*Asks:* 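Take this structure first; my questions come after.
All heavy atoms count here, side chains included; hydrogens, waters and symmetry mates do not. Letters A, B, ... are given to chains in the order of the sequence lines, protein chains preceding strands, and every chain is numbered from 1.
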Amino acid sequence: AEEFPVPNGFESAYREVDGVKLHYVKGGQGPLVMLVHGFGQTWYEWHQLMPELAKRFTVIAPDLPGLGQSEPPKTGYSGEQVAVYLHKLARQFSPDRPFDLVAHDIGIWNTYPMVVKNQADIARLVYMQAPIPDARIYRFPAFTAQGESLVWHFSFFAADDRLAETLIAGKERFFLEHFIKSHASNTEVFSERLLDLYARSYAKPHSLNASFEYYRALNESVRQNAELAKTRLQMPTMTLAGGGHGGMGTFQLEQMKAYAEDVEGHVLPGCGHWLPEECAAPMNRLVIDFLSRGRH
Amino acid sequence: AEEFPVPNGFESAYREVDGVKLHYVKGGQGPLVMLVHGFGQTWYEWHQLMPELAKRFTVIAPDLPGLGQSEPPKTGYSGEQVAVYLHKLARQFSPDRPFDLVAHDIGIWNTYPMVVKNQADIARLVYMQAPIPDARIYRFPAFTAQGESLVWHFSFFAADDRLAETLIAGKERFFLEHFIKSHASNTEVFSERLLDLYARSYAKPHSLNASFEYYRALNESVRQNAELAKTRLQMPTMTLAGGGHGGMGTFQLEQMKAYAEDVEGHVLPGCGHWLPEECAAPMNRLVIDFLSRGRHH
């Protein structure tokens, strides 16, 4: 059974990593690029970028532990714990060569520790639309002169008593449409058909719970990254952010400059949080061009 | 059927104000003190203070429009619109002398405009445990290094799509217990009986909606107050805030200093947000003493 349609020529498969069965979709030939999705979504957010990249790269897009068709992690949900699974998975397919990494939203949280701890394994890096967990996240506002803020959901999802799961259970389709569209500029791309696909996946009880456990571990990830960030990233990096409603704007690049020696950033106008869907043509172009500076 | 038990010597009653039927509980004799409750609660949060205060004052505790047993407003939920109802209600009972005002949480939002526009009508003012709506509210953090922050609910409640009503319906008791305890230092004061009473009240569909419409009007109230605040408050003012988990700390007095010429403040250690319940005895004493410096009975 497949929660989302696999693009022609790709395979849907599983790989046991440290006792956790991870789902992924893989296609193409050449050096490896791993694409890591974020909250509210699965590997499928990459499905329009994957065929283009696969003309030059071996592309793998896993489901984060507990989300999509991947089993929950056995260690924990902090960035350092989850990054182990993702690093080992990539190195199964690229054991003797560095690979490229693209990550969106909490895909950043779940990959930054393995990037900084294994810099020689990462050829090039693309991060989009979320802060790396650090003290800057405590400076975002709870409420803005326009209304709900970009990251008030951090508190909602991290609250104890299983607050978010208890309220959202049975209402997952309603909640996800509101969450996605409230963070979008080009809302029209989120058809009811596409929203049904994403909602059915994260409504699995273990996936709804896994979604919020990433936020329950966020302060631990901040504490982890305070130590790890004493070492700057040395490989070529690109950041992307939306310039429209729901976008991180200039924050994405400005934070990354504290982390990376070699970084270029782009703000995409008229685009919010969901870059692969809201602004597929310019985002795909930027990613393909940046990764194609390396060998393929 | 009363939603909450009425203290001995008090009456539960209704008055029509601008076509809206407002519920209140009233007792005592002497100059008028109006006590205005906040989110998650009703007039009943004042039920321990009211009999003490009624020894020297006429005490009235209304339900905010749409909450408790009061009809929703027919104008809107911004501070300036709601304050009209509360001002006119007070004037029905104290038309010839200024009255005192005590407000908690969004009771502040719903009274500040009528205080600033009708200062001759306000003898003394007590505000506790919420910012006056102004630009300062945009500085509170979305998330903290210890977990959820004090006012992320501003965004949750103001969200469109009836986000809050839709997620909380069928879970009203669960949500209110979490909200109260996450903003409290002393949770033991909230018995199962008391939580049941508050949950049943705000679970009424029009009251659940009304609860969040106050927040959907919050930016409008901020914009209204930006004009109103050009006139400082001149009456004696006291602020109270909790010093414990859920409390506003020094923020309450420090904000009020920008609004009021004559202001004193107290921070109560070991108390969170729900001062009339968490720290009833010292809160009651401070209010009674502050109001009894003025003329009473």
Side-chain angles (χ1 to χ4, degrees), chain A residues 36-41 63-67 70 72-86 103-117 127-143 148-168 175-176 179 182-183 202 206-229 239 241 246 248 251-252 255-256 258-259 273, chain B residues 140-153 155-156 178 182 245:
Chain A
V36 184
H37 72 87
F39 166 84
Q41 300 192 300
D63 287 331
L64 287 174
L67 308 185
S70 288
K74 280 182 166 50
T75 51
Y77 288 87
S78 73
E80 206 167 347
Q81 288 166 307
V82 176
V84 174
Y85 297 103
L86 298 180
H104 184 189
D105 186 75
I106 65 172
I108 296 170
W109 305 358
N110 291 316
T111 58
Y112 168 76
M114 67 102 156
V115 177
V116 71
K117 292 199 280 184
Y127 273 177
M128 65 186 75
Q129 277 296 132
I132 297 167
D134 68 19
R136 291 167 177 87
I137 70 171
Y138 308 132
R139 302 303 282 99
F140 283 87
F143 186 72
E148 67 163 282
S149 61
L150 283 176
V151 297
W152 69 264
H153 66 275
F154 285 4
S155 277
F156 185 27
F157 295 170
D160 59 24
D161 293 335
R162 284 156 68 94
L163 177 70
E165 295 103 326
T166 306
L167 297 193
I168 290 168
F175 176 75
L176 191 64
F179 183 91
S182 68
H183 287 92
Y202 101 124
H206 73 256
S207 297
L208 186 64
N209 171 258
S211 297
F212 305 138
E213 287 301 321
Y214 287 103
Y215 298 83
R216 287 157 197 168
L218 181 55
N219 282 324
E220 179 169 16
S221 299
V222 170
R223 299 192 293 271
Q224 286 162 0
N225 291 350
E227 296 299 319
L228 298 174
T239 61
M248 299 294 304
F251 174 94
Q252 194 76 41
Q255 177 192 44
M256 194 68 190
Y259 286 83
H273 177 70
Chain B
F140 284 92
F143 190 62
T144 80
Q146 284 83 32
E148 63 171 291
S149 69
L150 270 175
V151 303
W152 68 266
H153 67 275
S155 282
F156 182 31
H178 178 93
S182 75
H245 180 72

*Asks:* Can you name the side-chain contact (heavy atoms from CB on, under 4.5 Å) partners of A:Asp134, sequence neighbours left out?
*Replies:* A:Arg136, A:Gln255, A:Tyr259
*Asks:* Mind checking the CZ-NE2 spacing from A:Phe179 to A:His153? Nearest 0.5 Å is all I need.
*Replies:* 4.0 Å
*Asks:* What residues form a salt bridge (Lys or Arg N to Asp or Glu O under 4.0 Å) with A:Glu148, not counting sequence neighbours?
*Replies:* none
*Asks:* Would you call A:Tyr127 and A:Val115 a side-chain contact if the rule is heavy atoms closer than 4.5 Å?
*Replies:* yes
*Asks:* Grab the two heavy atoms, one from A:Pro65 and one from A:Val82, that are nearest each other, plus how far apart they are.
*Replies:* CD-CG1, 3.9 Å
*Asks:* Who pairs with A:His183 by side-chain hydrogen bond (donor to acceptor under 3.5 Å, both in side chains), at least two apart in sequence or on another chain?
*Replies:* none
*Asks:* Is the distance between the ring centroids of A:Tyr215 and A:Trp109 less than 6.0 Å?
*Replies:* yes
*Asks:* Indicate the atoms forming the closest heavy-atom contact of A:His206 with A:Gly66, along with that distance.
*Replies:* CD2-O, 3.4 Å
*Asks:* Please name the pair of heavy atoms, one in A:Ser78 and one in A:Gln224, separated by the smallest distance, quoted to 0.1 Å.
*Replies:* OG-NE2, 2.8 Å
*Asks:* With A:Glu80, which residues qualify under salt bridge (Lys or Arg N to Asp or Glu O under 4.0 Å), at least two apart?
*Replies:* A:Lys117
*Asks:* In chain order, what residues pass the side-chain hydrogen bond (donor to acceptor under 3.5 Å, both in side chains) check against A:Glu220, with sequence neighbours excluded?
*Replies:* none
*Asks:* When you compare the side chain of A:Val151 with that of A:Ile137, does any pair of heavy atoms fall below 4.5 Å?
*Replies:* no
*Asks:* Heavy atoms only: give me the nearest A:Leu64-A:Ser70 pair and the separation to one decimal.
*Replies:* O-CB, 3.4 Å
*Asks:* Among all residues two or more places apart in sequence or in another chain, which pass the ring pair (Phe, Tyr, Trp, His ring centres under 6.0 Å) test with A:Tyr77?
*Replies:* A:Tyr214
*Asks:* Any donor-acceptor pair under 3.5 Å linking the side-chain atoms of A:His273 with those of A:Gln129?
*Replies:* yes
*Asks:* What distance do A:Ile168 atom CD1 and A:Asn209 atom CG have between them, rounded to the nearest 0.5 Å?
*Replies:* 12.0 Å
*Asks:* Decide yes or no for A:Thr75 and A:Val84: does some side-chain heavy atom of the first lie under 4.5 Å from some side-chain heavy atom of the second?
*Replies:* no
*Asks:* Are the side chains of A:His37 and A:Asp63 in touch, meaning some heavy atoms are under 4.5 Å apart?
*Replies:* yes
*Asks:* Test of understanding: with side-chain hydrogen bond (donor to acceptor under 3.5 Å, both in side chains), list the residues that count as partners of A:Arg223, not counting sequence neighbours.
*Replies:* none
*Asks:* Restricting to side-chain contact (heavy atoms from CB on, under 4.5 Å), what partner residues turn up for A:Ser211, sequence neighbours left out?
*Replies:* A:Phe39, A:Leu67, A:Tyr202
*Asks:* My understanding is that only residues two or more places apart in sequence, or in another chain, count here; which of them pass side-chain hydrogen bond (donor to acceptor under 3.5 Å, both in side chains) with A:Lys74?
*Replies:* none
*Asks:* Between atom OH of A:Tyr85 and atom CE of A:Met114, what is the distance when rounded to the nearest 0.5 Å?
*Replies:* 14.0 Å
*Asks:* Table please: side-chain donor-acceptor pairs of residues 154-162 of chain A below 3.5 Å, with sequence neighbours left out.
*Replies:*
from: A:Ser155; atom 1: OG; to: B:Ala142; atom 2: O; distance (Å): 2.5
from: A:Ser155; atom 1: OG; to: B:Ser149; atom 2: N; distance (Å): 3.1
from: A:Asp161; atom 1: OD2; to: B:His178; atom 2: ND1; distance (Å): 2.9

*Asks:* Does any part of the side chain of A:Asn219, heavy atoms only, come nearer than 4.5 Å to the side chain of B:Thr144, both counted from C-beta?
*Replies:* no
*Asks:* If only atom types and distance count, is the side chain of A:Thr239 paired as donor or acceptor with the main-chain N or O of A:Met128 below 3.5 Å?
*Replies:* no
